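Chains as they are written, first to last, in full-length UniProt numbering: chain A, 21 to 490; chain B, 21 to 400, 435 to 490; chain C, 21 to 400, 435 to 490; chain D, 21 to 490.
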RNA sequence: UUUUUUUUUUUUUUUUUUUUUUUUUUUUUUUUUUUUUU
RNA sequence: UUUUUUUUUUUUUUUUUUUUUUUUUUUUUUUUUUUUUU
């Protein structure tokens, strides 16, 4: 059943919106100031810093960074008669802990935490990607497309684990492998057992993420190494560059600004009654009647800022630019010529230059965002019979597929790293930049609610560039 | 003597046909509607749901699935002036229990039950095979050929046990082994004793099914493990992949549609007098003058549907395609390019698109279907030592060894197995593989 | 350092004595009634029934035994002008929980709980030993001497675990082994893991209790059996009958009546300041100026009752009678001819016959009670190979080997263990055996 | 609790009495004829022949003995104006089966069957004992005292098994041993397994019956012989002659004539309400107001017949004659000079000589009949310590009882047949014909109901003879 | 001439996947900024 | 200087027993009668 999931997510987002309402009440902010992305961003880093129970425990025993008992940051932006001023207001965690507890009807609301931290990961992926760490591990900077959910820490649950990219897992596992190579950390102690456990948990997340059997089997084989040394490093680099084309089925969770939920809840649009969805039309239509204000530099233009905000909201920064333009209806400028900077404001930037203005989020069309992959790799061992059974008593031969009969019996087991790299190469050669994907699905219009009739897009606009970076 | 067996099976099928006659009388169906496979299929799931005494006892204590006191399903298809309509008519078990009791002259007729449930297993094997469960147990999907009688539950008797495939038994035993591994279920209690008993019963069924001494001995030694753990899992997987070539002597019971028997009985062809057989010419000649109507989708073609129905009737879906074509006289299309779907109709499919038409069951020739193995086998401490002889026998095996010496395909006009004709195919590599 | 342990035990017993003072205040009992053992006994079963959190949780889900929400028993004995009357006054646990919490300065005082439950175990061992269970497990009734701390449940900590006898652990482990033999209880579930854990905890307690390397090694090897069946049963019976002579180093915790502590605390003798000890002179000198009243049957004599009470207080019921007589200065009658019964009074006994009188606890001498073994041990693939060395050590053992060299019995007037006097008994065979 | 057992036995005897009422109704017998022991005796052999399901199955496949489809015997005695006549009326089993089924409220009433068959065993033991079979097995005729419950077949349950004597079990086991010696009957077949099972069931019944540990252990040891040959024969004969003095705790079930229950039930004395007991005062007071008529030969005297009937009712034929006389208040004549014959009438005896008269069952006193033994054997291994533990740290010896320490360790196990016969002989020598038993219990008066105050009997009447046979 | 046993929740939307899927903590990092520098 | 874990019904009439204890069938016997006879 899907009604229960819809009711649960509706209750969750209703609690989130009511917490936004109460923060607006408590902060004594104006109507316009309640529609600013920066305030929600700072408040949500406060949120994560209050539920980072692991870091809370680590910092209680580590009283450093000067005045840091329980309070961090808090750069609240406020309006005086047109001008803007930032105040470093410090909030302790504990009162906000209870205000959450009262906001979700006595519950912890950790799922909502996962969605906000994923949405921060989405905005981070949209704005800046780290080839710095990608080459710190030595991997080439060609794979920036697989840094989805990179900023997400381990503390997130299965829902958070679903949206993390393959390359994010590759980076996380190489970090552990390099740490275990630097020092003899895999001893029989509890630390070794726990890092082992986290390792197989991340690995079965990986093998769940993939779709074709060959990569799943080679990930299974990679596990057989009890002592991760150097060979597994290139093994999993080969895994990553195979996933470049043999991409994993990674979900795309549609989270929206802290305000958008608050404005919707304030108007009385209860999500529990009519139901809510995270993949369907829902986050699209809530943005159809949403007003958002944002802060812009004197050199920054708002036209690219709105498009980057739409990137961050719908996590489409790693998609084809042409498709995003089609849903937008307007051309989406790649990051090469974006005359804008990061959404977040540096702590040293002055305030006389800063100017607030609206953001455009309206899109002409809407589409479903499933956690599926492209259809192209379909040529190997077609599932079929190997033996036959005599039904009629007729003097005839019994056809046996002998060369596979030896293959099943071989000797011990089967499957290797380079052996399977051979089929990786074969499949890559079979792959073409022409294979059309997502057959049977199309882009839909806003006026339709039940997915009745789509329109098939068709682009012949040469080589405008389907590459957000470079 | 063979006359007594023939008389018994003739009486049984006569009772079955008379029950078909009475259901036709009671359902107020027309002559054409009495020749529909779907009606017989639904009625026979009603049959199994009425004699599933174990499930009856389990569901009486488990009142779930909404309105389910005694009645399940019942999608009866009916004609209005060319068009078709399904009615969800619910029948309770008990009245049909007594109608059976009166249909077999006061007897339970459990053997007939076994043949109908086997025929459902035959149609299921013909239509869809489950690599889903085959890989749920982790076994590779290369052995779909040994899923014969897979849908058959344990409740069937020895006659039902004869036709179940080796792979079906492998799946059933691995299920029990995994259940005993998940929890400490082999205690000295009655449950452990009874599952133990069922285990040796299934195992001596297995060792009866095989023919060569080596596999019988290794099955004997697999029994010596009082605690089935993980090693026996690969042991019996090796047994299965050895039976891939060293196939077991599994019977092929020739059951026919619920209607075919009813039409034959209605015409007055008493089977007790002239005798009946389940392996010989009998089910062939009854189909020589049988008319069958069936329901077909607007995209489905009837040409492949008739061949699939012949598969289901004669359980030849696991045989060589070339031989089935020879008896048919027409080419039999493998499942790779069958532009058809399952015979059974989904509960949500609309009725304006559905169209009824005849099915062809005539075959140019007839052949005996014995429960023997290929002549190639006659030409040829732990489990691994015997695995060595398994490997050497597999190496000795060739894809050239001709089997079934001294037997041939026969013509319809002959009744006493007088003179056959030797077939000979040189048509390259058309493909002797129904799947793939 | 030993000062911290002395301060801790002094604080603990001071809290216990202050709780006794407050119960005397709250119960409105007279001065004489505050010196009765029966009242303290009933109050301390109330104590254990209030901290038996496991049983509290088990009984909250199990509302049986009629009126048993939170209150059990409570047979308070009171005096009217010489005569005696029992009232079944029921006290709930929770208020006494907070009165404890206020009695130990906001602490739970679980250690004191361990000492009171051990002292109940000491009195139980002094009064009655169960050959009933000893033969329920089938072990012979010759080993009644190793039933020390038998009544102690698992809930006690390491201090409680120290005083439990070897035979008590043998009984507890055989109970678990028989339970695991009756049903397949060692599955991979959490229950099996937890019983496994309790098993190695009890086993390393066992191997800590022993002194010679051979028995420690054979206990180590008994662990190697992942599935405890029947062989381990006789293996650990052999372990027990080896510990009959190769005794384990089991402590003897010197706990005293609930009143004795209360009278001492009431007089103002703070134990924190001057320090307190559980093994040294301390419990001896507190009894040198302690007055105790007790209830006696019209047929029971008080002379044997006082000696049995001294047994219960100092846990000397399993020691040689001659030594206990030497410290007493008077002959100690063995249980064979004790014309007395159990200290506790049956729920049906009438009250007109019951008579209260003093008890004598004065002893002429005092001695240290260490958790060591006899000096005789220092003078000296499977389980059977080590059983061979067990047999040869038993043969090397003699009933003549004198133990405890370098230590002696001391006089009361000395406080710092200056000069002892060596005892010497030549009084034939008076009988060094409390039972039989 | 004892109330439930009392209610169950009361319901059972109420059903029995109501069945007696209905048989009196159906047989068209007079009031006097309903108080005849012979009619109840014949009817109860009909009862056992109707529930002997094993024999029913054996005789259905064995149609012999002429006219014997379902009907056996049935010598009903009737009065014509003073004279007596027997009619061989044949009743089939099945209708009486349903009349029972309706008499116990839809139940089978097998327990009542056990009590009636035990009461037949009691009367048989009172009247005639078989030294014929006792010497057929070769055992001497000195042990006629242990033939209690000898006629009881195996079909009885645990309640029936409790009252069977030790010698009865000895005879039953020797029969099986001789059968297994004559032919190789202990094969691995089902028959051998089932006779094995019956063997250990009879043996743990035996070891439950005994009281002293030595005989229990030697019975345990006798079991260790997987192939019962000749040695076990003398082994169990030694067991029997040891039980001659070391008697087993065998119960004495107090069943009464078929009529006595019927007369009590007919008068309206419901046993369910006031409760009923099988060991206490109950069967005594029901006989205090019971009238019984019986058939007597022209040479037989009724005075000894009444005493023999009291023997049969209370199963006191194996007790001391002096005690039975004390409860009677009149001298009880031993079987040596009883000028009477068996209660049952031979099939050929004429009817002109037969005369009916009353029977006396009144007793001056009453006593409890427990399933306990005599107190005398109490001198062997007095349960006591073997080791000591040092409580005080004193320089002293550690007393160890070494000769028993070797005995526990010995080598393998311990206990034999002749080895234990040695302690049998020692105990027999310690036994005396003077040891008084049953201390703390006494004979009671009729007027008391709650066992308040007894009177101690004392006999100094020389050697009148405490031996019913000889 | 070879045979009707029952043990705690499954399945006809469909033909080779999906299963209604989840808050763990170990010795110093990061919002001056967008692909280097430590 | 060595430590509070919980898994389906027990126990203070009392000191070494008792445990509220149960319808299985395998090849020919027995009521002339009470200790022989086959």
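Note that beta-carbon positions come from the ideal geometry of N, C-alpha and C, so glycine has one too.
Residue state for residue 197 of chain B is assigned as helix, using DSSP reduced to three classes. Interface annotation for the segment 186-211 of chain C against chain B: 202, 203, 204, 205, 206, 207, 208, 209, criterion Cβ-Cβ distance under 9 angstroms. Taking 3 residues as the minimum length, the beta strand (DSSP E) runs contained wholly in the segment 364-402 of chain D are 375-378, in order along the chain.
A straight line joining the alpha-carbon of residue 386 of chain C with that of residue 159 of chain C spans about 36 angstroms.
By the Cβ-count criterion, residue 139 of chain C is buried, with 16 or more other Cβ atoms from all chains shown falling within 10 Å of its own Cβ.
Counting C-beta atoms within 10 angstroms of its own C-beta, residue 312 of chain A has 16 or more neighbours from the protein chains shown and is therefore classed as buried. The beta-carbon of residue 62 of chain B is placed no less than 9 angstroms from the nearest beta-carbon of chain A. Here residue 259 of chain A has no same chain residue with a Cβ atom under 6 angstroms from its own Cβ, once five neighbours each way along the sequence are excluded. For residue 421 of chain D, the closest Cβ of chain C is nearer than 9 angstroms. For residue 396 of chain A, the closest of A:265, A:133, A:472, A:146 by C-alpha to C-alpha distance is A:265.
Contacts with chain B at 9 angstroms (Cβ-Cβ) do not include residue 108 of chain A.
With at least 16 other beta carbons inside 10 angstroms of its own, residue 143 of chain A counts as buried. For residue 414 of chain A, a Cβ of chain B is located within less than 9 angstroms of the residue's own Cβ. A residue is called buried when at least 16 other Cβ atoms come within 10 angstroms of its Cβ; residue 393 of chain C meets this threshold and is buried.
The Cβ atoms of residue 206 of chain C and residue 355 of chain B lie no closer than 9 angstroms to each other. Cβ neighbours of residue 474 of chain A within its own chain (closer than 7 angstroms, five residues either side excluded): 462, 463, 464. Residue 176 of chain A places its beta carbon 9 angstroms or farther from that of residue 149 of chain A. Non-local beta-carbon contacts of residue 111 of chain C in its own chain, meaning distances under 8 angstroms to residues more than five positions away in sequence, involve 66, 91, 94 in chain order. Check the Cα spacing between residue 62 of chain B and each of B:27, B:290, B:229, B:278: the tightest is with B:278. In the three-state reduction of the DSSP assignment, residue 470 of chain A falls in the coil class, being assigned neither a helical nor a strand state. Against chain C, the CB of residue 424 of chain D has a partner CB under 9 angstroms away; the residue lies at that interface. At a Cβ-Cβ threshold of 9 angstroms, residue 333 of chain C and residue 275 of chain C count as neighbours. In its chain, beyond the 5 residues on either side, 279, 283, 311, 312, 313 have a beta carbon closer than 8 angstroms to the beta carbon of residue 55 of chain A. Distance from the CA of residue 290 of chain C to the CA of residue 281 of chain C, rounded to the nearest whole angstrom, comes to 11 angstroms. With a cutoff of 9 angstroms on beta-carbon distance, residue 36 of chain B and residue 285 of chain B are scored as near each other. The segment 74-87 of chain A makes no contact with the segment 21-39 of chain A; the number of CB pairs closer than 8 angstroms stays below 3.
In the structure shown, the three-state DSSP call for residue 314 of chain C is strand. Residues of the segment 381-398 of chain B with a Cβ closer than 8 angstroms to any Cβ of chain A, in chain order: 387, 388, 389, 390, 392, 393, 394, 396. With respect to chain D, the C-beta atom of residue 162 of chain C has a partner C-beta closer than 9 angstroms. The C-beta distance from residue 146 of chain B to residue 337 of chain B rounds to 4 angstroms, short enough to fall under 8 angstroms. In the same chain as residue 342 of chain C, and ignoring 5 residues on each side of it, the C-beta atoms closer than 7 angstroms to its own belong to 479, 484, 486, in chain order.
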